[PDB]
Number of protein chains: 2
Amino acid sequence: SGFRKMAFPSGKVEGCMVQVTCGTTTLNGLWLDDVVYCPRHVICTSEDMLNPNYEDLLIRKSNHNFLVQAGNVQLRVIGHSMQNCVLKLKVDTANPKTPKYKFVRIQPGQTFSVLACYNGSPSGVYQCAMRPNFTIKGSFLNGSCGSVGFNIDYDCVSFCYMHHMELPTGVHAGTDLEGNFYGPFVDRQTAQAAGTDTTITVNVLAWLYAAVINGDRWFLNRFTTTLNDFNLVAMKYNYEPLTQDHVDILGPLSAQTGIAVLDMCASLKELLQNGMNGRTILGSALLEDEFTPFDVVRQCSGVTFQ
Amino acid sequence: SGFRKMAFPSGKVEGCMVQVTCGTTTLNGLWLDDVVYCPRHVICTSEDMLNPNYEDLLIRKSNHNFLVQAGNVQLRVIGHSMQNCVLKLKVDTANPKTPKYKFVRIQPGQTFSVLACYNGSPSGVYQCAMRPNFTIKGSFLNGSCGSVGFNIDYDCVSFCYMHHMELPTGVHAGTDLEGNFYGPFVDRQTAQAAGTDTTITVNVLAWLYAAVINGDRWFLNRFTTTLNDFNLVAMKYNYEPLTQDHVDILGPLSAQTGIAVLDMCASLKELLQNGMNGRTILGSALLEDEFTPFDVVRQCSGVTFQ
Ligand SMILES: *C(=N)[C@H](C[C@@H]1CCNC1=O)NC(=O)[C@@H]1[C@@H]2[C@H](CN1C(=O)[C@@H](NC(=O)C(F)(F)F)C(C)(C)C)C2(C)C
Ligand SMILES: *C(=N)[C@H](C[C@@H]1CCNC1=O)NC(=O)[C@@H]1[C@@H]2[C@H](CN1C(=O)[C@@H](NC(=O)C(F)(F)F)C(C)(C)C)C2(C)C
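Residues numbered from 1 in each chain as written, not as in the entry; some residues may be left out. Chains lettered and ligands numbered in written order. Heavy atoms only, no water.

**Q** How should the overall build of chain A be read in this particular structure?
**A** A count of helices and strands for chain A gives 8 helices and 13 strands. Oriented by its inertia axes, the alpha-carbon framework of chain A measures out at about 70 × 45 × 30 Å. When contacts within chain A are restricted to residue pairs at least 6 apart in sequence, those whose partners lie at least 24 apart make up 64%. Carbon and sulfur atoms make up 49% of the accessible area of chain A, which totals about 12,600 Å². Side chains of chain A carry 22 positive and 26 negative charges; the gap between the two charge centres is 2 Å. (Helix = DSSP H or I, 4+ residues; strand = E, 2+ residues; numbered from the N terminus. Contact = heavy atoms within 4.5 Å. Areas by Shrake-Rupley, 256 points an atom, 1.4 Å probe, with all protein chains shown as cover. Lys, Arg positive; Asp, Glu negative; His and termini not counted. Charge placed at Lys NZ, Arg CZ, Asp CG, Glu CD.)

Written as structure tokens, this is what we have:
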């Protein structure tokens with residue numbers, strides 16, 4: 001038992017991380033087969049990053065302007081192209097460590113692991129959710145751009161996120177691996193702001209199920225509620241609506257615990273209207289919304305990856 | 001910016017994990033050079049694990065009783081021996097993926113990453129602290145024994161923990177890699193219990209420094225306190241004493257923020273006596289004690305590993 005913010009093992013991704021230097025900008029790239037993916041603002045400099053014209057900037061570049069370091073071995077760039085907000089650097093060597101992979105775009109509410117990297121060297125790994133406002137609450141410093149987020153499904157790495165920038169509230173924005181931003185953000189230094197967030201209701205419920213599975217039952221009650229009556233309360237506390245599909249997805253957790261989904265909603269309702277009164281759930285004094293129903297089943301049942 | 005429970009990249013450890021089967025027990029082993037390390041209760045069965053005599057049990061075993069699977073490749077055991085609570089399985093192949101490593105025993109208060117494994121296959125990675133009572137609040141299911149905890153220091157993996165068991169309160173106990181338990185626990189199914197814990201005061205302070213670095217300042221104040229007056233309050237709230245050495249270790253964080261350590265103690269004092277009054281710190285409604293001063297500097301400055 002126990003419940004932790006758990007990331008996927010990062011080794012398959014670690015073997016893909018390289019260092020990309022162009023001019024005075026160094027960031028991280030993702031090396032799969034004979035292509036290195038990186039944020040296109042690597043072609044920019046300090047005065048470039050105000051309002052840039054990336055197509056203009058890229059035609060002025062040469063293959064030899066891009067220094068790619070795979071550890072202590074330099075990769076010769078033999079081609080380059082822009083795909084939306086990412087650069088594709090064609091290099092003369094296929095990465096022998098290329099895992100089976102996909103490029104998948106995730107939904108707000110879904111989670112993924114981030115391998116934070118500096119100078120092409122992995123620094124740490126942690127779990128993140130895509131917020132309803134298409135930001136992520138990450139941990140990123142200068143030089144972390146190009147770090148990727150990912151999920152693992154048996155042996156296949158589903159890359160979902162590449163890091164590009166930090167917003168003024170300290171949250172982070174980036175693209176999928178095809179270079180399309182999550183949310184209404186651009187890779188320019190303008191006055192962009194996250195925009196209002198909501199709590200991911202289905203995830204809170206999944207985490208309450210994790211708590212019951214782990215022996216925290218104090219918030220359970222005999223009351224119930226209709227889906228519509230619950231959603232009236234969700235709206236008032238800035239929770240997003242619960243759909244019948246969410247109820248269906250919570251079915252296995254409901255069935256393992258014997259607590260009907262709508263009964264657990266009634267519990268969440270009481271937790272929202274009364275707080276927690278000095279108690280904790282799974283070591284938290286807040287309602288946690290960054291575990292999906294998938295995350296809970298995986299951890300409270302023990303799926304591995306090979 | 002941002003602050004997350006961050007684990008070390010797990011790839012160097014992933015390449016060491018194997019599956020050890022003996023009789024009807026399967027668990028994880030750690031393969032370094034030509035030795036596989038695993039918990040010695042793998043030689044036990046259901047009626048063996050009540051009150052066993054492991055030396056008696058081991059003389060009755062043969063090399064061929066131990067089936068070691070490194071992925072889809074079986075390792076021939078050519079020798080075996082017991083070192084305290086771990087088995088050392090000598091195999092005929094040195095692990096070509098052996099990183100530079102050490103076996104180090106950590107102190108209560110120190111943190112480490114855990115690579116949770118089932119059937120020799122890594123499942124997830126997360127960060128843990130050694131509690132003052134020598135337990136750890138992990139996430140472990142059946143078959144997770146032999147999963148290791150570790151730190152990384154540039155290129156060298158310092159293995160500090162091997163998982164052995166879960167205690168009735170849902171917390172976990174294990175050994176260092178020389179087979180010596182952390183705390184007063186034995187690898188038998190008796191009525192062992194964790195024993196009372198305390199909050200790791202120096203870590204709470206480090207995390208308050210992380211918060212200031214990240215822009216949470218509401219808990220700061222003009223008051224100060226002597227070390228002795230603070231320790232009178234720590235004792236009352238079950239915090240463990242702060243030493244001058246802790247104050248020295250917090251020096252760099254004090255110097256980066258401009259907040260004297262004893263001023264931050266005065267802040268902690270007020271947080272202990274008044275609670276947080278509906279506010280949060282680094283997204284937490286509790287005082288967090290599983291980040292060391294090292295962890296905070298690493299994350300709020302960006303050290304990598306290669
Ligand atoms: C890539 N290495 C960095 C990572 C940033 C730096 C600190 N934390 C991070 O996640 N990315 C950038 O420096 C991008 C890059 C220029 C500016 N930038 C920012 O993240 C900036 N933010 C914005 O411009 C804003 F608010 F609009 F998002 C900064 C103010 C420096 C934090 C470009 C091309 C967006
Ligand atoms: C190794 N794969 C397991 C991991 C356990 C199982 C559930 N969560 C875990 O971390 N280790 C064990 O099964 C050890 C092993 C026999 C019993 N055991 C326990 O963890 C048991 N606990 C205790 O006996 C106690 F409380 F004393 F620690 C159990 C009740 C099954 C949780 C031996 C040799 C200790």
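Moving on, there is more to tell.
**Q** Explain unusual backbone geometry here, please?
**A** With the exception of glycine, most residues fall at negative phi, and the peptide bonds are largely trans. Residue and element names in this part refer to chain B. Positioned with a positive phi, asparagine 84 is a non-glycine residue whose angle comes to about 55°. Assignment of secondary structure puts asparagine 84 in the loop between β6 (77-83) and β7 (86-91). According to the relative accessible area criterion, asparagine 84 is partly exposed, its value standing at 36%. (Buried < 20%, exposed > 50% of the residue type's maximum accessible area, 1.4 Å probe, protein only.)

**Q** How should the sheet that holds strand β6 (residues 77-83) of chain A be read in this particular structure?
**A** The strands that make up a sheet are held in pairs by hydrogen bonds between backbone atoms, and each pair lies either parallel or antiparallel. All names here are of chain A. Judged by pairing direction, the sheet is antiparallel, and its 7 strands sit side by side in the order β5-β4-β1-β2-β3-β7-β6 without closing on themselves. For this open sheet the edge positions go to β5 (73-75) and β6, each flanked by a neighbour on one side alone. Ignoring which end each strand starts from, the neighbouring axes of this sheet average 30° apart. Inspection of the sheet shows strand β1 (residues 17-22) paired to strand β2 (residues 25-32) by 6 bridges, in the antiparallel sense. Looking at the pairing, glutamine 19 lines up with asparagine 28 of β2. (Pairing = 2+ DSSP bridges. Axes fitted to C-alpha atoms, helices over the stretch in contact; angles between N-to-C directions.)

**Q** Quick question: what am I supposed to make of the sheet that holds strand β4 (residues 66-70) of chain B here?
**A** All names here are of chain B. The sheet built from 7 strands is open, its strands ordered β5-β4-β1-β2-β3-β7-β6 with antiparallel pairing. Each having just a single partner strand, β5 (73-75) and β6 make up the two edges of the open sheet. Each strand of the sheet is rotated relative to its neighbour by a mean of 30°, with strand direction disregarded. Across 5 bridges, strand β3 (residues 35-39) lies against β7 in antiparallel orientation. Counted as the bridge partner of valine 36 is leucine 89 from β7.

**Q** Looking at this structure, how should I read the site of ligand 2?
**A** Residue and element names in this part refer to chain B. Around ligand 2 sit 20 residues, and of these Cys145, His163, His164, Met165 and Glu166 come closest. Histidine 163 places a polar side-chain atom, nitrogen or oxygen, 2.6 Å from an oxygen atom of ligand 2. Here a nitrogen atom of ligand 2 and a backbone polar atom of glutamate 166 are 2.8 Å apart. Protein chains shield 82% of the accessible area of ligand 2, which is 670 Å² for the free molecule. For the shell around ligand 2, the element with the highest residue contribution is strand β12 (residues 156-166), accounting for 4 residues. When grouped by side-chain class, the residues that make up the shell around ligand 2 number 7 nonpolar, 10 polar and 3 charged. (Near = heavy atom within 4 Å. Polar contact = N/O pair within 3.5 Å; in protein donor to acceptor, adjacent residues only side chain to side chain. Nonpolar A, V, L, I, M, F, W, Y, C, P; charged D, E, K, R; others polar.)

**Q** Would you mind going over the nonpolar core with me for this structure?
**A** Nonpolar side chains tend to gather and get buried jointly when the protein is soluble and globular. Counting 42 residues, the largest nonpolar core has A:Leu30, A:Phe159, B:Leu30 and B:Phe159 as the members making the most contacts within it. Residues contacting A:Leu30, with those up to four places away along its chain left out, are A:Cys16, A:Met17, A:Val35, A:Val36, A:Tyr37, A:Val148, A:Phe159, A:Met162 and A:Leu177. Of all hydrophobic cores here, the second largest spans 35 residues; its members include A:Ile200, A:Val212, A:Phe219 and A:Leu272. (Core = buried A, V, L, I, M, F, W, Y, C linked by side-chain atoms within 4.5 Å.)

**Q** Can you help me understand the side chain of B:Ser144 in this one?
**A** All names here are of chain B. Within the secondary structure, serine 144 sits in the loop between β10 (121-129) and β11 (148-153). A polar side-chain atom of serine 144 sits 2.6 Å from the main-chain carbonyl oxygen of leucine 141. Other than its neighbours up to four places away in sequence, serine 144 contacts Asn28, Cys117, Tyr118 and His163.

**Q** Looking at this model, I keep getting lost on the domain arrangement of chain A. Mind explaining?
**A** In many reports, interface size means the accessible area that the parts give up when they come together. Here the domain parsing of chain A yields domain 1 (11-91) and domain 2 (201-300). Spacing between the C-alpha centres of domain 1 of chain A and domain 2 of chain A amounts to 44 Å. (Domains from an automatic or database assignment.)

**Q** Mind showing me how you'd approach the side chain of B:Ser10 here?
**A** Residue position: B:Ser10 is located in the segment before α1 (11-14). Classification of B:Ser10 by relative accessible area gives buried; the value is 0%. Excluding anything up to four places from it in sequence, B:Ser10 contacts A:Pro9, A:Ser10, A:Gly11, A:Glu14, B:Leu115, B:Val125 and B:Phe150.

**Q** How do you make sense of the relation of the copies chain B and chain A when you look at a structure like this?
**A** Both copies of the chain are tied together by a single rotation about an axis and a shift running along it. Mapping chain B onto chain A is achieved by rotating through 180° and translating by 0.0 Å along the same axis, at an RMSD of 0.0 Å. When the rotation and shift are considered jointly, the pair of chain copies conforms to a two-fold rotation axis. For chain B, the residue whose C-alpha comes nearest the rotation axis is B:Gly11, separated from it by 1.8 Å. Of the residues that chain B buries at the interface, 100% are likewise interface residues in chain A, meaning the two copies contact each other through the same surface. (Least-squares fit on C-alpha atoms.)

**Q** Sorry if this is basic, but what is going on with helix α7 (residues 261-274) of chain A here?
**A** What sets the pattern is the α-helix's 3.6 residues per turn: residues three or four places apart point alike. All names here are of chain A. Spanning 14 residues, α7 covers 20 Å between terminal C-alpha atoms, matching the ideal 20 Å at 1.5 Å per step. The complete set of buried residues in α7 reads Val261, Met264, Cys265, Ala266, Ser267, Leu268, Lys269, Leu271 and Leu272. Summarising the contacts, the buried residues of α7 are in contact with α3 (201-213), α4 (227-236), α5 (244-249) and α6 (251-257). Of the residues one or two after α7, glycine 275 is the one with positive phi, at around 70°. (Expected span 1.5 Å × (residues − 1).)

**Q** Quick question: what am I supposed to make of the site of ligand 1 here?
**A** Residue and element names in this part refer to chain A. Taken together, 20 residues are adjacent to ligand 1, and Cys145, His163, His164, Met165 and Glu166 come closest. Within the backbone of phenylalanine 140, a nitrogen or oxygen atom sits 3.5 Å from a nitrogen atom of ligand 1. In isolation ligand 1 has 670 Å² of accessible area, and contact with the protein removes 82% of it. A total of 4 residues in the shell around ligand 1 trace back to one element, the largest contributor, which is strand β12 (residues 156-166). For the shell around ligand 1, the per-class residue count stands at 7 nonpolar, 10 polar and 3 charged.

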